[PDB]
Amino acid sequence: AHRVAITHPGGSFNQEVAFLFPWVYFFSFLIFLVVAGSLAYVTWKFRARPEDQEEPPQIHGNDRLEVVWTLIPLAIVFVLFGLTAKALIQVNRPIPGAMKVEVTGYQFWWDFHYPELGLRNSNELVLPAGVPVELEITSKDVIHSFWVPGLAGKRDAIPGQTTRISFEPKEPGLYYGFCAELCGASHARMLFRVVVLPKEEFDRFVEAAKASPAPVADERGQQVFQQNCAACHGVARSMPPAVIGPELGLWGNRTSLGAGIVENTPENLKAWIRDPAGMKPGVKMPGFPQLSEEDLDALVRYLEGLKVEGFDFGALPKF
Amino acid sequence: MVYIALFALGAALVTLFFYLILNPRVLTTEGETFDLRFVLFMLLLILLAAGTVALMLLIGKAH
Amino acid sequence: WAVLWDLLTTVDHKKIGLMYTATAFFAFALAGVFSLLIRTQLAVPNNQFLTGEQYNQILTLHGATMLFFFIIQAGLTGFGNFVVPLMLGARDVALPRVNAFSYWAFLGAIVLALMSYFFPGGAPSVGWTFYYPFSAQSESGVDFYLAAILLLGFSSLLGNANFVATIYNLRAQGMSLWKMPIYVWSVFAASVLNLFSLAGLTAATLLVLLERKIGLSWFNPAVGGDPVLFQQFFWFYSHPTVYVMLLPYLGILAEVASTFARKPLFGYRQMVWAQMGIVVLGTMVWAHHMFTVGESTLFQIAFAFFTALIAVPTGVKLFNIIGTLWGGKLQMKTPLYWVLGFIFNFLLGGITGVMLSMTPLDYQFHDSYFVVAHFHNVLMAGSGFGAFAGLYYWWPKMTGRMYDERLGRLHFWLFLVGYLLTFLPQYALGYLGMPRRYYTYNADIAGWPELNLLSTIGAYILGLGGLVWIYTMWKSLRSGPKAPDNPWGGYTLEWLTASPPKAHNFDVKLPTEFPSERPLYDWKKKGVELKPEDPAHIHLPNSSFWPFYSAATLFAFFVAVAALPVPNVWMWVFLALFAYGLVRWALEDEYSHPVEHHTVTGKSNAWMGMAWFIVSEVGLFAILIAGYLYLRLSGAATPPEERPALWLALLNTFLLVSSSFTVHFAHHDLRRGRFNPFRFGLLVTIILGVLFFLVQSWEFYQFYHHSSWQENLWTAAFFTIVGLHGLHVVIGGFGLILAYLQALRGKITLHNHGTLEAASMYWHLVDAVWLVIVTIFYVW
Ligand SMILES: CCCCCCCCCCCCCCCCCCCNC(=O)[C@@H](CO[C@H]1O[C@H](CO)[C@@H](O)[C@H](O)[C@H]1NC(C)=O)OP(=O)(O)OC[C@@H](COC(=O)CCCCCCCCCCCCCC(C)C)OC(=O)CCCCCCCCCCCCCC(C)C
Ligand code: HAS
Ligand code: HAS
Ligand code: HEC
Ligand code: CUA
Ligand SMILES: [Cl-]
Ligand SMILES: [Cl-]
Ligand SMILES: [Cu+2]
Ligand SMILES: [Mg+2]
């Protein structure tokens, strides 16, 4: 089970904002004690015995008290605000020399491009621990929002512009990611993973990715892929001239399928290929029910062969 | 900080001019000319409100 | 049938109030059922009960129905229409036919929204917020949702203007604003805030509709439009709306506290100042809904600041409510229970609200169940509890029957317990990173299944509460003990009437001395004996079919707009029928006999109603112009070479300014008894307006042939704002024409000329707005 929490100190963002929570808890505790306590007292103390017909003392207020219970809350918000501004300024500060990663949202999946590396992957974003990253985010259709709670707050993906968020992953693991802007029928199925590896291991994955082409583990499979899939899917692990579907060149390294909604396994892959819509309402990929069982199996072998060796992302701690 | 204070000032002026023209005492004013007065305040209120909001939208793009 | 014809034609504020109230609470029950479908789907991971588009449809209907058809109605248009005139010691509202029209338009809006079910694409599925460009692209019933919002806007604005005119003009002689019940102040504050701010939603709604129907866009990045500008417009109203939803309920809480504590209101002046404070700040915080959209840090910090300030005026209000209870002799009747539930829960609701204002934290909390918990905390356990405090408080007054206290209390505890169990787990879910608006979730995320199951159990407990609530009302109406004039021992004027009140409200003449905001208290001490009213001075507004007919034909106009490509023949057919209806309405006497019209201010109700409605016009043009100024100054919108010529706008300025002078002098003559000169000036004004319109039309035709609003942002802005102004010329022109038809039938006299005062003032406004338009669209 994934231990998803906005308080998890997996990234520099969650570590940097953490100091706000105790202040919130403290003031809220005091405010509750006083105000809720007073109201509790009132209901116990001033209940009226049914026989009582004598009206209580008709007091109209307390001018001094009005001032105190205006200024004290005011002071509290000034403190909260002061802490808030300090924290906001720090987490929005750009980090010089951070590896840029271009994030692009589609209905209903996520595309990733590492411009300095010349590398493309989809739905699972691999990152080095201890290294600052700058996410450059946009959309090709409607508004989306890129959210990895275990690492950092979200930033919207808005068509026609580029938004950004910077942070430094610290703790290696497999992080759940969600789209956090209602984008259509499969909003709840527009997920992803952030794979955080030790820097040394990250440098290896990227090197192997760009070192040689994606293997061909089944030739009958490569042809079936060419006749049915290549039209929408690249396997070259780099930006195609026109993007239609996700990159499949690193498919065999993917822990999840369908933009992170189900485990990547041969059985899940078959079901997906036969009827994507059955898993993602409104999904923009046709099913392939005609394909012979022989072709589908051959196709799955080929797909699962599109990878680099020596990595096991499914063994990372789950966040 | 200067622009935020300018925004606050805008809102205060919008508030003030609404008060000056719409409080119960001023609305009892008689004369065919009050209609013109009332409407010219609205003209000014449009400018004040639009400018105040426009200011903040532009601040939104001033990274 | 007899009861139907009565309701279709009534102008009695009490019946209108009951209709609003019953409709609003029906809306709550309908949307509550929707919430049960939602929570059933969410009870376990990977559920297949309600999925995808269907879930998003139910979700959208749940939220919009609760916000637009329930919470912002019950405590405002419902209780308010019934109770406010009584509290003011009046016999009706300022504009009884307008008031009825506002109810029927409300019902019309509800029908528009729900009927989407029967059309291709069904109900809207884009969330109540209908974010662009998602809402521009959807096949779902977005058009019906947008039409509904626009139709509803007419109901709200007219209703708000009616409330404020009623408060200014109909207060019992001797009662200054500062002697009114706190609830009236809160209805006052809510109405003013609503009048000014609705503009944001009107703009956002109109612009998405125009885009879907005729391809005119302010938001499309391909022409330099700004998708985020849509959110700026939307939230410019959609924050203020929640304070419009809060103020009346705080007013109710204070009223209930005073009555059931046998104490006067603690810090009455401070309570008013706090509501004023909330109205002002309420319009300066909208962008805290937009923290994650990539606006500058300075912009974000600005909104975090003003948002946190809101906590101060609100606290002061709550503290004063608690002060009202303090030292009292608490009668533990049902309404007081709701009040206590409100206050205890609102503390957490407001606190989490402030947590959300802390921008860094909001980066996490945004679009997660933490937000969902926050707003149900303040809308359900807050306003909602307020609504039920109000329902039980005024139930005897509205129905003439007492309810069973035992059932009332059972309803309360079920809602309390159910509320906690439903929504406390949702705060936790937010901490656990659960996004909102997800029809389903996986099973390999720790905590989610357990917390979601608990939440669903809570929701079913609220369901039970709902059954208990319905039974309670049913039992009360069928076998309940008949209600006395003043069952709780209240001190405000609504308790000086019968239960329910006679048609004319007060059988007695009221004293003209109000030492405080508790007249029943002060008069009883002075032994003031109240004398019966002379039935000769009692005149009730006549029933009329035209408000309903007008709402019906406008409803049909909006159906033709929603369901078909624009424009179409049906739009025109129903607009024509609608115009006909308004002509009959304008020629129909308010009363059967002659009547002495005296108001507190000296200004007619027509004048006063128009002056407050015009506030909404200022708002609408202000927000649209702000958007335009922003797009142009940022370099996005630049005029094409073929822009309409300046000389043509100056000619038009001459026409329009002249028309303001002909109409002014036309009114002047009416004030002198010279009727032919008056008829003539009015007619001249009308002809001048027509000329302005014909000139604009030709200019629009020409400009349309030289520049596409699909390819040029400035052109889109021009047609939008100058076009909208053109529509105003038509409306104002028609208004003047109504007055002229009145003059031709001898309905205009030195005595009665309200329609003329309103139309004239609205015309001057059209003139003023033109001057701003010339400035920013033809000069600049
Ligand atoms: C694309 C097309 C667009 C169309 C859609 C837009 C549709 C707009 C819909 C507007 C709905 C407005 C609701 C109508 C309420 C007013 C009804 C008017 C008729 N009633 C009256 O005049 C009198 C007759 O009684 C009077 O005279 C009697 C003597 O006989 C006396 O006995 C009575 O005592 C005396 N009454 C009084 C109070 O003194 O009835 P009442 O007593 O009830 O008084 C009621 C009045 C008196 O004064 C007036 O009514 C003046 C208002 C004139 C405006 C009419 C415009 C109609 C549109 C025509 C369509 C074109 C067809 C053209 C051809 C086809 C023919 O008060 C107000 O001003 C209250 C304030 C009203 C607000 C303005 C609304 C402006 C809308 C702007 C929209 C912007 C869009 C902003 C955005 C949302 C867009
Ligand atoms: C009736 C309905 C509502 C009321 C009232 C309301 C009040 C507030 N709200 Fe809210 N709201 C937000 C902030 C506030 C704040 C700061 C207040 C205040 O008006 C509440 C003030 C009341 C109190 C504060 C209690 C009494 C005051 C006392 C007792 C004084 C002492 C307290 C102090 C000094 C503060 C201390 C605070 C601490 C945390 C220590 C923010 C954050 O900036 C979001 C964004 C969520 C997101 O990111 O999408 C938001 C979102 C919503 C949405 C979601 C819309 C959607 O569909 O997306 C709804 C429906 C809603 C309703 C309502 N909201 N709100
Ligand atoms: C004032 C406005 C609101 C009220 C009140 C309200 C009450 C509830 N809500 Fe809600 N809400 C949710 C659950 C509940 C539950 C369990 C209750 C309860 O307090 C409701 C209690 C009321 C009842 C349980 C009704 C009982 C009535 C009965 C039993 C009468 C039956 C008899 C009848 C109907 C006779 C009539 C029939 C005839 C034929 C006469 C959930 C789920 O857990 C979501 C998020 C879903 C997602 O994916 O994010 C949510 C989201 C929203 C949103 C955001 C919408 C959006 O994202 O676009 C808004 C504005 C909103 C407002 C409001 N909500 N809510
Ligand atoms: C264009 C019409 C496509 C055809 C032809 C093929 N695929 Fe596709 N695929 C397409 C899109 C737009 C997407 C993203 C969908 C979403 O919203 O999630 C996909 C996705 C996949 C996936 C999941 C990839 C992931 O990272 O989770 C797989 C495994 C996949 N597609 C396989 C696949 C095969 C085998 C195809 C040939 C039979 C094929 N696709 C064709 C669009 C299109
Ligand atoms: Cu993409 Cu929701
Ligand atoms: Cl910045
Ligand atoms: Cl005039
Ligand atoms: Cu808000
Ligand atoms: Mg969002």
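Residue numbering: from 1, along the chain as shown.
Heads up, the Cβ atoms here are built off N, Cα and C, so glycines get one too.
According to DSSP, C:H376 (Fe(II)-heme a binding site) sits within a helical segment. Residues within less than 8 Å, Cβ to Cβ, of C:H376 (Fe(II)-heme a binding site) and separated from it by at least 6 positions along the same chain comprise C:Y419, C:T422, C:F423, C:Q426. The Fe(II)-heme a binding site annotation in Swiss-Prot covers C:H62, C:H376, and the record cites a curator's inference as its basis.
The annotation Cu cation binding site is assigned in Swiss-Prot to C:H239, C:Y243, C:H288, C:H289. In sequence order, C:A190, C:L193, C:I278, C:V279, C:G282 constitute the residues six or more apart from C:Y243 (Cu cation binding site) in its chain with CB-CB distances below 8 Å.
Positions annotated as heme a3 binding site by Swiss-Prot: C:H374. The Cβ neighbour count for C:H374 (heme a3 binding site), using a 10 Å radius and every protein chain shown, is 24.
The region 'COX3' feature in Swiss-Prot is assigned to C:534-780.
Within the same chain, residues 7, 49-50, 55, 58-59, 61-62, 65-66, 69-71, 73-74, 77-79, 81-82, 103, 106-107, 110, 384, 387, 391, 398, 459-460, 462-463, 466, 470 sit at least 6 positions outside the transmembrane segment (C:18-38) and bring their C-beta atoms closer than 8 Å to a C-beta of that stretch. According to Swiss-Prot, the transmembrane segment annotation covers C:18-38 (among others).
The annotation transmembrane segment is assigned in Swiss-Prot to C:67-87 (among others).
Taking Cβ pairs closer than 8 Å, the transmembrane segment (C:144-164) reaches residues 60, 64, 68, 77, 80-81, 84, 93-95, 98-99, 101-103, 105-106, 108-110, 112-113, 115-116, 119, 124, 126, 130, 187-188, 190-192, 194-195, 198, 201-202, 205-206, 208-209, 212, 554-555, 558-559, 561-563, 608-610, 612-613, 615-616 in its own chain, all 6 or more past its ends. Residues annotated as transmembrane segment in Swiss-Prot, with sequence analysis given as evidence: C:144-164 (among others).
What Swiss-Prot lists as transmembrane segment is C:190-210 (among others).
Remote same-chain residues near the transmembrane segment (C:271-291) are listed as 178, 182, 185-186, 189, 192-193, 196-197, 200, 228, 231-232, 235-236, 238-240, 243, 246-247, 250-251, 254, 265, 299-300, 302-304, 306-307, 309-310, 312-314, 316-317, 320-321, 356-357, 359, 362-363, 366 (criterion: CB distance under 8 Å, separation of at least six residues from the stretch ends). The transmembrane segment feature in Swiss-Prot is assigned to C:271-291 (among others).
What Swiss-Prot records for C:336-356 (among others) is transmembrane segment.
If you look up Swiss-Prot, you'll see C:370-390 (among others) marked as transmembrane segment.
Under the heading transmembrane segment, Swiss-Prot lists C:555-575 (among others), citing sequence analysis as support. Outside the transmembrane segment (C:555-575) by six or more residues, the chain places 105, 108, 111-112, 115-116, 119, 143-144, 146-148, 150-151, 209, 213-214 with a CB less than 8 A from a CB of the stretch.
Long-range neighbours of the transmembrane segment (C:606-626) within the same chain, counting only residues 6 or more positions beyond its ends whose Cβ lies under 8 Å from a Cβ of the stretch, are 94-95, 98, 157-158, 160-162, 164-165, 168-169, 191-192, 195-200, 202-203, 233, 236, 599, 720-721, 724-725, 728, 754-755, 757-758, 761-762, 765, 769, 772, 776. Summarising the annotation, Swiss-Prot assigns transmembrane segment to C:606-626 (among others) and lists sequence analysis as the type of evidence.
Summarising the annotation, Swiss-Prot assigns transmembrane segment to C:680-700 (among others) and lists sequence analysis as the type of evidence. A Cβ distance under 8 Å defines the sequence-distant neighbours of the transmembrane segment (C:680-700), meaning residues of its chain 6+ beyond its ends; these are 644, 648, 651-652, 655-656, 658-659, 662-663, 665-666, 669, 719, 722-723, 726, 729-730, 732-733, 736-737, 739-740, 743, 756, 763.
Look at Swiss-Prot and you will find C:718-738 (among others) tagged as transmembrane segment, backed by sequence analysis.
Sequence-distant contacts of the transmembrane segment (C:760-780) (same chain, six or more residues past either end, CB-CB distance under 8 Å): 607, 610-611, 614, 617, 621, 625, 628-629, 643-646, 649-650, 652-653, 656-657, 659-660, 663-664, 667, 685, 689, 718, 721-722, 725, 728-729, 731-732, 735-736, 739. Positions annotated as transmembrane segment by Swiss-Prot: C:760-780 (among others).
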Cβ contacts of C:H62 (Fe(II)-heme a binding site) (under 8 Å, same chain, 6 or more positions away): C:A31, C:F34, C:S35, C:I38
With Cβ-Cβ distances below 8 Å as the criterion, list the same-chain residues six or more beyond the ends of the transmembrane segment (C:67-87) that contact it, or say none. 13-14, 16-18, 20-21, 23-25, 27-28, 31, 93, 99, 102-103, 106, 109-110, 113, 128, 148-149, 152, 159, 163, 166-167, 170, 180-181, 183-184, 187, 190-191, 241, 244-245, 248-249, 252, 379, 383-384, 386-387, 390-391, 394, 397-398, 492-494, 497, 501, 505
For the transmembrane segment (C:370-390), name the stretch out of C:190-210, C:336-356, C:718-738 with the most CB-CB pairs under 8 Å. C:336-356
Sorted by sequence, non-C:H239, C:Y243, C:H288, C:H289 residues with Cβ within 8 Å of centre, Cu cation: C:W235, C:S238, C:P240, C:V242, C:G282, C:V285, C:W286, C:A287, C:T307
Cβ-Cβ under 8 Å from C:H289 (Cu cation binding site), same chain, 6 or more residues apart: which ones? C:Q231, C:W235, C:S238, C:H239
Are there residues at least six beyond either end of the transmembrane segment (C:336-356) with Cβ under 8 Å to its Cβ atoms? List them, or say none. 249, 253, 256-257, 260, 288, 307-308, 311, 314-315, 318, 321-322, 330, 362, 365-366, 370-371, 373-374, 377-378, 381-382, 385-386, 388-389, 392, 408-409, 412, 415-416, 419, 427
C-alpha spacing of C:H374 (heme a3 binding site) relative to C:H288 (Cu cation binding site), in angstrom: 14
Taking a cut-off of under 6 Å between Cβ and any atom of ligand 8, tell me which of the binding-site residues C:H62, C:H239, C:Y243, C:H374, C:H376 pass. C:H239
C:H239 (Cu cation binding site), DSSP three-state class -> coil
